[PDB]
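Below: one structure, written as structure tokens.
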Amino acid sequence: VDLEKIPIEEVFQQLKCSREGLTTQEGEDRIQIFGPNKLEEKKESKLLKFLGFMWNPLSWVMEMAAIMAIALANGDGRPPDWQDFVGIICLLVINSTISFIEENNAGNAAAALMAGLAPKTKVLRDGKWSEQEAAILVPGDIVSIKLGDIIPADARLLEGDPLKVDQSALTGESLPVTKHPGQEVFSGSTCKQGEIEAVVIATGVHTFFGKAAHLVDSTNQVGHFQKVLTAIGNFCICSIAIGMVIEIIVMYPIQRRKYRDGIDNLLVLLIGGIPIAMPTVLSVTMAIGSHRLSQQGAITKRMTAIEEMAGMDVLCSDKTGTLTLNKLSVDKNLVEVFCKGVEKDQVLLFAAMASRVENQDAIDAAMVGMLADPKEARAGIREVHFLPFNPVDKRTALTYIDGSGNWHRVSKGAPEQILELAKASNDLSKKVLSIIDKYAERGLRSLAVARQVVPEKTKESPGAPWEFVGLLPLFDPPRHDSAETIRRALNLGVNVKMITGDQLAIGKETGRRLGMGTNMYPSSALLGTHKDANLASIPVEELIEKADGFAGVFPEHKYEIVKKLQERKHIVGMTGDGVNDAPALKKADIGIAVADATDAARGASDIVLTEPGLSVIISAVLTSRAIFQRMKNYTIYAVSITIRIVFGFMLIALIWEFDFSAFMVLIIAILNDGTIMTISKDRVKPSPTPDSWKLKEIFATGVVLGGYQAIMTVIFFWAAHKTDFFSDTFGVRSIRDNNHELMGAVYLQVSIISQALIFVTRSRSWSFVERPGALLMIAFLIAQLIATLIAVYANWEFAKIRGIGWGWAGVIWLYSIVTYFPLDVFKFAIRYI
Ligand SMILES: CCCCCCCCCCCCO[C@@H]1O[C@H](CO)[C@@H](O[C@H]2O[C@H](CO)[C@@H](O)[C@H](O)[C@H]2O)[C@H](O)[C@H]1O
Ligand SMILES: Nc1ncnc2c1ncn2[C@@H]1O[C@H](COP(=O)(O)OP(=O)(O)CP(=O)(O)O)[C@@H](O)[C@H]1O
Ligand SMILES: [K+]
Ligand SMILES: [Mg+2]
Ligand SMILES: [Mg+2]
């Protein structure tokens, strides 16, 4: 092996890389353009095989419709079916052209979104500590790896303390493995612990994970959005089958109708009934919504999270990450010291000493500045090693050489862990815990400092038993708008529940000034069923739903808390930040990574914020509902147009044996298809309650609207055929059996009402009251001007249509206008129940 398991070690970098650390950018480019990149491109992009050509189920039925015209014409026996057949292909060509250009445009607008969620690596280039995308990474170079980084390539650790990497999933072993200088690590691994520099070996394609991958197979096959999209497709296809395959076929021999030339009634049901617009419009609506979220501040790593975000019912929010600022502050009056000889004004300095000073943890950054002059924190101390924060240790420490060569060490950490650095007298333990609990009653978190000296003047030897120097009170404080945001979320029907590892007194005290209510519990009490605490009086699951927040949350508890809420049917949003939030984020309905979350948390989460605070999440939830509203309204529209077309033309054929022009319906479909890319760009107001995309309600809303429109179409036909009524009042013309003129009028009436239905379906109140905006009006007016012009002037024997004057068309416009107003009353009536 060139490297791998065998340790070529220090020789290997010198033999190949031939340089150390600061490797110039020009050197990377030559090997980058040679061929190394993180991973291979997906198969079948060549020749625009599926990027210029569609093949959804609806297109398959449309292909049958085109063939059916040829099939039922005996090939060249009947000429107009071929004219329809080329027309059907032209509609498919037009639909495909608009479909694929808009998705391409949406994909171009999501490049920044894809860029935001890309794997990113941290490097020092020209001596400049920098962060770069992982596709820029060069095999054989030196990189910097921090806790919770995703390892981007094979790498050999360079120097520095052992750290723990998690090989689970890649190798399927739960326990993370300690990795030492010189040892190899692999792409896709996540650091559970520690921090080290390393030399990357080979790109992910050369990594064993890339070697293992042979033949590509279905990935996320069961994705819910596609299944509901198919179900909307299934219902409209069923309606055509109910309309055509049964009843129209049923009426042919019961009444002994014409056969060969009756098939046009089947073709109109196919050509107008099938909404090939419907999958494209919904597909691009989410894509533009994600770009809106990218503007908003939320990067939808999962594109389908809009449905879950719209349906979200409860949001479990980390107090430290989302509810509170995290520029912690200490009033030194309440700092209490021990091991006197140290003093209240000086124990802050030790905390500043044990804080990193350049790239800073939020608490580290505060304490560097808390002594007023940041130079004082580092002034002449001559540090020799720094021990960085680790979640199992909860501790930092600085080792330094001072005076005549004394080796001293100072440390910060969580006080319970600091109290075990030298297990103190229980008198001391009771005293420190009393002030810690007093700070918690005050509402302030506690950090403890400690000090030791090492007599053996060496990095690797334990020093003298630690002094428990003291511990200091740190304020959260709340963000300005989180206090509003809980109220806003409550109004929008999402219950915000606090999550924190802080003891309950901190959470309630912060929570009361936040405004969240204090009916909240230690998670450990409610974890499982074995901890009692009056479980019989209130089930833990029932109590958890009632609870307004959870304190002392460990990561096992956090997964359980969402799981219990998710089992209680609630759609659970949950924020996360760290390496051990990943399973809770994965199992949550919406995993939300906070802006400063670890990349492991960003990978595990469905959605990744790039802007901090609970306020951002509620704005994203509110915006997501506004995007979600128009998917339902188009689905109501798409079903409703399908029902009116399917019912209308067959029903006149059933009653008055009237064959409608297939080409005219084809014209309606193209005009509809040309105008429905307004719908994605509408400005519907969000639903206030969460909503879960109940298909039955939207189908019920659409079918009643379409049935009413079909009924008014049938009334229009009867008015201008069997009876004299239409020309009795202001008959500029008069027609009954003038079928080519008559169906031109039917075309014009159907087209206007079909376009107007967009205004009904988008609006929740009166269609007039909710303003349309210019694009929808222009799409309506241009389409209906063209529809009017065809109705007035088209003398086409091929299309069975004869031009019927503007005065008559004006009556059709007037009839459509007075038909339109009770659509809202029908819309209100169906969605009342
Ligand atoms: C909120 C009550 C307002 C009463 C105003 C005075 C009475 C007469 C108003 C005209 C009659 C129609 O009034 C209209 O009814 C429907 C309910 O079906 C309301 O619609 C409301 O309930 C439906 C429930 O499905 C929601 O989808 C919708 O988002 C919501 O706005 C409209 O907000 C209201 O404008
Ligand atoms: N860089 C750091 N240095 C020293 N101590 C730190 C530290 N960061 C956190 N601590 C301390 O460790 C303990 C827990 O820290 P941690 O960051 O895990 O909080 P947490 O994530 O549990 C709050 P929440 O659950 O609300 O997100 C606290 O007492 C804290 O003061
Ligand atoms: K998830
Ligand atoms: Mg931190
Ligand atoms: Mg945290």
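Labels for the structure tokens follow display order: chains A, B, ..., residues from 1 in each chain, ligands from 1.
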
Residues near residue A:151, cut-off 6 Å, only C-alpha atoms, skip fewer than 5 positions along chain, as a VMD selection string: chain A and resid 187 to 189

Can I get the residues close to ligand 3 as a PDB file with N, CA, C and O atoms, in the first residue's frame, where close means within 9 Å and we count only C-alpha atoms and all ligand atoms?
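Listing of part.pdb after writing:
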```pdb
ATOM      1  N   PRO A 583     -28.410  12.607  16.253  1.00  0.00           N
ATOM      2  CA  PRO A 583     -29.523  11.644  16.175  1.00  0.00           C
ATOM      3  C   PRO A 583     -30.870  12.271  16.477  1.00  0.00           C
ATOM      4  O   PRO A 583     -31.879  11.879  15.875  1.00  0.00           O
ATOM      5  N   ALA A 584     -30.921  13.231  17.399  1.00  0.00           N
ATOM      6  CA  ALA A 584     -32.155  13.972  17.636  1.00  0.00           C
ATOM      7  C   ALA A 584     -32.575  14.771  16.404  1.00  0.00           C
ATOM      8  O   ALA A 584     -33.750  14.773  16.019  1.00  0.00           O
ATOM      9  N   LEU A 585     -31.619  15.461  15.775  1.00  0.00           N
ATOM     10  CA  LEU A 585     -31.873  16.145  14.508  1.00  0.00           C
ATOM     11  C   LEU A 585     -32.313  15.190  13.405  1.00  0.00           C
ATOM     12  O   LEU A 585     -33.267  15.477  12.670  1.00  0.00           O
ATOM     13  N   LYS A 586     -31.641  14.047  13.271  1.00  0.00           N
ATOM     14  CA  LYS A 586     -32.030  13.083  12.246  1.00  0.00           C
ATOM     15  C   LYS A 586     -33.455  12.583  12.468  1.00  0.00           C
ATOM     16  O   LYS A 586     -34.248  12.500  11.523  1.00  0.00           O
ATOM     17  N   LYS A 587     -33.793  12.226  13.707  1.00  0.00           N
ATOM     18  CA  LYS A 587     -35.102  11.650  13.990  1.00  0.00           C
ATOM     19  C   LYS A 587     -36.205  12.699  14.104  1.00  0.00           C
ATOM     20  O   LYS A 587     -37.379  12.363  13.915  1.00  0.00           O
ATOM     21  N   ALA A 588     -35.863  13.952  14.398  1.00  0.00           N
ATOM     22  CA  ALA A 588     -36.852  15.025  14.382  1.00  0.00           C
ATOM     23  C   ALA A 588     -37.510  15.172  13.012  1.00  0.00           C
ATOM     24  O   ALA A 588     -36.898  14.922  11.969  1.00  0.00           O
ATOM     25  N   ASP A 589     -38.784  15.579  13.033  1.00  0.00           N
ATOM     26  CA  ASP A 589     -39.505  15.887  11.800  1.00  0.00           C
ATOM     27  C   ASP A 589     -38.847  17.026  11.030  1.00  0.00           C
ATOM     28  O   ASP A 589     -38.713  16.961   9.803  1.00  0.00           O
ATOM     29  N   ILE A 590     -38.424  18.074  11.730  1.00  0.00           N
ATOM     30  CA  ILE A 590     -37.540  19.093  11.176  1.00  0.00           C
ATOM     31  C   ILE A 590     -36.338  19.210  12.101  1.00  0.00           C
ATOM     32  O   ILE A 590     -36.459  19.719  13.221  1.00  0.00           O
ATOM     33  N   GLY A 591     -35.183  18.743  11.637  1.00  0.00           N
ATOM     34  CA  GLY A 591     -33.932  19.095  12.277  1.00  0.00           C
ATOM     35  C   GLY A 591     -33.443  20.463  11.852  1.00  0.00           C
ATOM     36  O   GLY A 591     -33.283  20.731  10.657  1.00  0.00           O
ATOM     37  N   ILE A 592     -33.207  21.340  12.821  1.00  0.00           N
ATOM     38  CA  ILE A 592     -32.826  22.724  12.566  1.00  0.00           C
ATOM     39  C   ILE A 592     -31.440  22.930  13.157  1.00  0.00           C
ATOM     40  O   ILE A 592     -31.275  22.926  14.383  1.00  0.00           O
ATOM     41  N   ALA A 604     -26.601  16.409   9.625  1.00  0.00           N
ATOM     42  CA  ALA A 604     -27.698  15.597  10.138  1.00  0.00           C
ATOM     43  C   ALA A 604     -29.054  16.282  10.022  1.00  0.00           C
ATOM     44  O   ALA A 604     -30.080  15.593  10.026  1.00  0.00           O
ATOM     45  N   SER A 605     -29.085  17.608   9.918  1.00  0.00           N
ATOM     46  CA  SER A 605     -30.325  18.366  10.000  1.00  0.00           C
ATOM     47  C   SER A 605     -30.982  18.532   8.635  1.00  0.00           C
ATOM     48  O   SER A 605     -30.309  18.753   7.624  1.00  0.00           O
ATOM     49  N   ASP A 606     -32.313  18.419   8.625  1.00  0.00           N
ATOM     50  CA  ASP A 606     -33.097  18.641   7.413  1.00  0.00           C
ATOM     51  C   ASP A 606     -32.935  20.060   6.879  1.00  0.00           C
ATOM     52  O   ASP A 606     -32.814  20.263   5.665  1.00  0.00           O
ATOM     53  N   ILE A 607     -32.931  21.055   7.764  1.00  0.00           N
ATOM     54  CA  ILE A 607     -32.764  22.449   7.373  1.00  0.00           C
ATOM     55  C   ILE A 607     -31.670  23.087   8.215  1.00  0.00           C
ATOM     56  O   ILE A 607     -31.523  22.783   9.405  1.00  0.00           O
TER      57      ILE A 607
END
```

What residues have any atom no more than 8 Å from ligand 5 when counting only C-alpha atoms and all ligand atoms, and can you list them as JSON, numbers by chain? {"A": [318, 320, 321, 500, 501, 576, 577, 578]}

Contact check, chain A to ligand 2, at most 9 Å, counting only C-alpha atoms and all ligand atoms, closest pairs as JSON lines:
```
{"residue": "A:317", "atom": "CA", "partner": "ligand 2", "partner_atom_place_in_ligand_line": "26 (O)", "distance": 8.5}
{"residue": "A:318", "atom": "CA", "partner": "ligand 2", "partner_atom_place_in_ligand_line": "26 (O)", "distance": 4.9}
{"residue": "A:319", "atom": "CA", "partner": "ligand 2", "partner_atom_place_in_ligand_line": "26 (O)", "distance": 4.5}
{"residue": "A:320", "atom": "CA", "partner": "ligand 2", "partner_atom_place_in_ligand_line": "26 (O)", "distance": 3.9}
{"residue": "A:321", "atom": "CA", "partner": "ligand 2", "partner_atom_place_in_ligand_line": "27 (O)", "distance": 5.7}
{"residue": "A:322", "atom": "CA", "partner": "ligand 2", "partner_atom_place_in_ligand_line": "27 (O)", "distance": 8.6}
{"residue": "A:323", "atom": "CA", "partner": "ligand 2", "partner_atom_place_in_ligand_line": "26 (O)", "distance": 8.7}
{"residue": "A:324", "atom": "CA", "partner": "ligand 2", "partner_atom_place_in_ligand_line": "26 (O)", "distance": 8.8}
{"residue": "A:351", "atom": "CA", "partner": "ligand 2", "partner_atom_place_in_ligand_line": "4 (C)", "distance": 8.3}
{"residue": "A:354", "atom": "CA", "partner": "ligand 2", "partner_atom_place_in_ligand_line": "3 (N)", "distance": 7.8}
{"residue": "A:355", "atom": "CA", "partner": "ligand 2", "partner_atom_place_in_ligand_line": "1 (N)", "distance": 6.8}
{"residue": "A:356", "atom": "CA", "partner": "ligand 2", "partner_atom_place_in_ligand_line": "1 (N)", "distance": 8.2}
{"residue": "A:360", "atom": "CA", "partner": "ligand 2", "partner_atom_place_in_ligand_line": "1 (N)", "distance": 8.2}
{"residue": "A:361", "atom": "CA", "partner": "ligand 2", "partner_atom_place_in_ligand_line": "1 (N)", "distance": 5.4}
{"residue": "A:362", "atom": "CA", "partner": "ligand 2", "partner_atom_place_in_ligand_line": "1 (N)", "distance": 7.3}
{"residue": "A:363", "atom": "CA", "partner": "ligand 2", "partner_atom_place_in_ligand_line": "1 (N)", "distance": 5.7}
{"residue": "A:364", "atom": "CA", "partner": "ligand 2", "partner_atom_place_in_ligand_line": "1 (N)", "distance": 5.5}
{"residue": "A:365", "atom": "CA", "partner": "ligand 2", "partner_atom_place_in_ligand_line": "1 (N)", "distance": 8.9}
{"residue": "A:388", "atom": "CA", "partner": "ligand 2", "partner_atom_place_in_ligand_line": "1 (N)", "distance": 7.4}
{"residue": "A:389", "atom": "CA", "partner": "ligand 2", "partner_atom_place_in_ligand_line": "1 (N)", "distance": 5.5}
{"residue": "A:390", "atom": "CA", "partner": "ligand 2", "partner_atom_place_in_ligand_line": "2 (C)", "distance": 8.5}
{"residue": "A:391", "atom": "CA", "partner": "ligand 2", "partner_atom_place_in_ligand_line": "18 (O)", "distance": 6.2}
{"residue": "A:393", "atom": "CA", "partner": "ligand 2", "partner_atom_place_in_ligand_line": "12 (O)", "distance": 8.5}
{"residue": "A:394", "atom": "CA", "partner": "ligand 2", "partner_atom_place_in_ligand_line": "12 (O)", "distance": 4.8}
{"residue": "A:395", "atom": "CA", "partner": "ligand 2", "partner_atom_place_in_ligand_line": "4 (C)", "distance": 5.1}
{"residue": "A:396", "atom": "CA", "partner": "ligand 2", "partner_atom_place_in_ligand_line": "3 (N)", "distance": 5.4}
{"residue": "A:397", "atom": "CA", "partner": "ligand 2", "partner_atom_place_in_ligand_line": "4 (C)", "distance": 8.6}
{"residue": "A:411", "atom": "CA", "partner": "ligand 2", "partner_atom_place_in_ligand_line": "4 (C)", "distance": 8.1}
{"residue": "A:412", "atom": "CA", "partner": "ligand 2", "partner_atom_place_in_ligand_line": "4 (C)", "distance": 4.8}
{"residue": "A:413", "atom": "CA", "partner": "ligand 2", "partner_atom_place_in_ligand_line": "5 (N)", "distance": 3.8}
{"residue": "A:414", "atom": "CA", "partner": "ligand 2", "partner_atom_place_in_ligand_line": "29 (O)", "distance": 3.9}
{"residue": "A:415", "atom": "CA", "partner": "ligand 2", "partner_atom_place_in_ligand_line": "29 (O)", "distance": 6.5}
{"residue": "A:416", "atom": "CA", "partner": "ligand 2", "partner_atom_place_in_ligand_line": "29 (O)", "distance": 8.3}
{"residue": "A:417", "atom": "CA", "partner": "ligand 2", "partner_atom_place_in_ligand_line": "12 (O)", "distance": 8.7}
{"residue": "A:445", "atom": "CA", "partner": "ligand 2", "partner_atom_place_in_ligand_line": "31 (O)", "distance": 6.4}
{"residue": "A:446", "atom": "CA", "partner": "ligand 2", "partner_atom_place_in_ligand_line": "29 (O)", "distance": 5.6}
{"residue": "A:447", "atom": "CA", "partner": "ligand 2", "partner_atom_place_in_ligand_line": "31 (O)", "distance": 4.5}
{"residue": "A:448", "atom": "CA", "partner": "ligand 2", "partner_atom_place_in_ligand_line": "31 (O)", "distance": 7.8}
{"residue": "A:449", "atom": "CA", "partner": "ligand 2", "partner_atom_place_in_ligand_line": "4 (C)", "distance": 8.8}
{"residue": "A:474", "atom": "CA", "partner": "ligand 2", "partner_atom_place_in_ligand_line": "31 (O)", "distance": 8.0}
{"residue": "A:498", "atom": "CA", "partner": "ligand 2", "partner_atom_place_in_ligand_line": "26 (O)", "distance": 8.3}
{"residue": "A:499", "atom": "CA", "partner": "ligand 2", "partner_atom_place_in_ligand_line": "26 (O)", "distance": 6.0}
{"residue": "A:500", "atom": "CA", "partner": "ligand 2", "partner_atom_place_in_ligand_line": "25 (O)", "distance": 3.3}
{"residue": "A:501", "atom": "CA", "partner": "ligand 2", "partner_atom_place_in_ligand_line": "25 (O)", "distance": 3.7}
{"residue": "A:502", "atom": "CA", "partner": "ligand 2", "partner_atom_place_in_ligand_line": "23 (C)", "distance": 5.9}
{"residue": "A:507", "atom": "CA", "partner": "ligand 2", "partner_atom_place_in_ligand_line": "26 (O)", "distance": 8.5}
{"residue": "A:551", "atom": "CA", "partner": "ligand 2", "partner_atom_place_in_ligand_line": "25 (O)", "distance": 7.8}
{"residue": "A:552", "atom": "CA", "partner": "ligand 2", "partner_atom_place_in_ligand_line": "25 (O)", "distance": 7.2}
{"residue": "A:553", "atom": "CA", "partner": "ligand 2", "partner_atom_place_in_ligand_line": "25 (O)", "distance": 6.3}
{"residue": "A:554", "atom": "CA", "partner": "ligand 2", "partner_atom_place_in_ligand_line": "22 (O)", "distance": 7.6}
{"residue": "A:576", "atom": "CA", "partner": "ligand 2", "partner_atom_place_in_ligand_line": "27 (O)", "distance": 8.0}
{"residue": "A:577", "atom": "CA", "partner": "ligand 2", "partner_atom_place_in_ligand_line": "27 (O)", "distance": 7.4}
{"residue": "A:578", "atom": "CA", "partner": "ligand 2", "partner_atom_place_in_ligand_line": "21 (O)", "distance": 7.7}
```

Step one, run DSSP on the backbone; step two, keep only residues of stretch 504-607 of chain A assigned to strand (DSSP E); then write them as a VMD selection string. chain A and resid 521 to 522 549 to 551 572 to 576 590 to 593 607

Pick from A:697, A:797, A:307, A:545: nearest to ligand 1, with only C-alpha atoms and all ligand atoms counted?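 Closest candidate: A:697.
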
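The protein and nucleic acid residues lying at most 12 Å from residue A:228 are residues 222, 234, 235, 278, 279, 282, 283, 304, 307, 631, 632, 635, 692, 693, 694, 695 and 696 of chain A, with only C-alpha atoms considered and sequence neighbours fewer than 6 positions away removed.
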
From the list A:762, A:19, A:800, A:344, which residue is nearest ligand 1 when using only C-alpha atoms and all ligand atoms?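 Nearest to ligand 1: A:762.
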
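Among the candidates A:673, A:770, A:659, A:484, the one nearest to residue A:743 when counting only C-alpha atoms is A:659.
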
Ligand 1: which residues are within 9 Å, counting only C-alpha atoms and all ligand atoms, as a PyMOL selection string? chain A and resi 685-688+763-766+769+824-825+827-833
